[PDB]
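So this first bit is one chain, no partners, the form deposited in one PDB entry, shown in structure tokens.
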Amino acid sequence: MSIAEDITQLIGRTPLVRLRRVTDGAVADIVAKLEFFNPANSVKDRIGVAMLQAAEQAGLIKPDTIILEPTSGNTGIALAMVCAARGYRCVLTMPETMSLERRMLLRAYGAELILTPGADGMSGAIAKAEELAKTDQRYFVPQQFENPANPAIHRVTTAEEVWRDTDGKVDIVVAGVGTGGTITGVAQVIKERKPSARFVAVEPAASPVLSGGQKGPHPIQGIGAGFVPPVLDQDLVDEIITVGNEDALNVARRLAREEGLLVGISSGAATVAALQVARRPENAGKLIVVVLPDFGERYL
């Protein structure tokens, strides 16, 4: 019998699809990894369960433990879903700038929300989470930007899925960097296994921190943290490509209309970059894997 015991056993094992029309000028093959096939429609499902599994396996989860994380993105959604499956109490902090729709989605999974001053952005959500953790020892904070289970799950699952499904033929992996876990985990495994493989990090042109620029506001959700995440191994990254807001939005829209792939803005951004790499004649005949991190419907 093939029956999952709970929804967390159905995380990962996402498929690859060849891009057919959003390929203008490509001389390389572009295939997309569809992370919206995860049960809560984003790549973060992988780390939501990984960081909690890791904590359980390390005996850090106690009878009175409350899961707590500062996040206005998919990590909150993933954690909320995994806590619902696990039967854990989930508390999330985020600026009151978060949409009402997103709040409703988190509450639907039974997460509890602590809204922080809109003007204070993420630092306010983080500060509140830091204080709550200090004053109450029941709180367990996954710390997605520093937790080693983040890149680790990507080594064990994401990287192997890419390796197997391409039968080892993968030449280049293109991925947007939020926590940096996806690209790091995949590089760690594939680059050791196939030293000729190359890895392209993607970030917003409006917030080109990995390139040496400064933090700025940008709409490409899931990427562009405005700092270099500890989890990222910048020495495995062979290239950074910046992507503008319009190009990201345009290509995201092209993916839905021309490929039937309704994906988020960050998927547009990663594909902008995969398209740019695919146009280089030295990459003729190569196989490029681009990670599409989430589903488009979330972005109404």
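We call the rigid core the largest set of C-alpha positions that still match within 1.5 Å between the two forms. Just count from 1 along the sequence shown to find any residue number.
Although it is not shown, the form deposited in another entry is what the next lines describe.
**Q** For the list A225, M122, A84, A206, which one shows a CA move of 2 Å or more between the shown form and the other one after the core is fit?
**A** The one that shifts is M122.
**Q** If you line up the core, does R193 shift 2 angstroms or more at its C-alpha between the shown form and the other one?
**A** No, the C-alpha moves less than 2 Å.
**Q** State yes or no: after fitting on the rigid core, is the Cα displacement of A111 between the shown form and the other one at least 2 Å?
**A** No.
**Q** After the core is matched up, is the C-alpha of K215 off by 2 Å or more between the shown form and the other one?
**A** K215: C-alpha displaced by less than 2 Å between the shown form and the other one.
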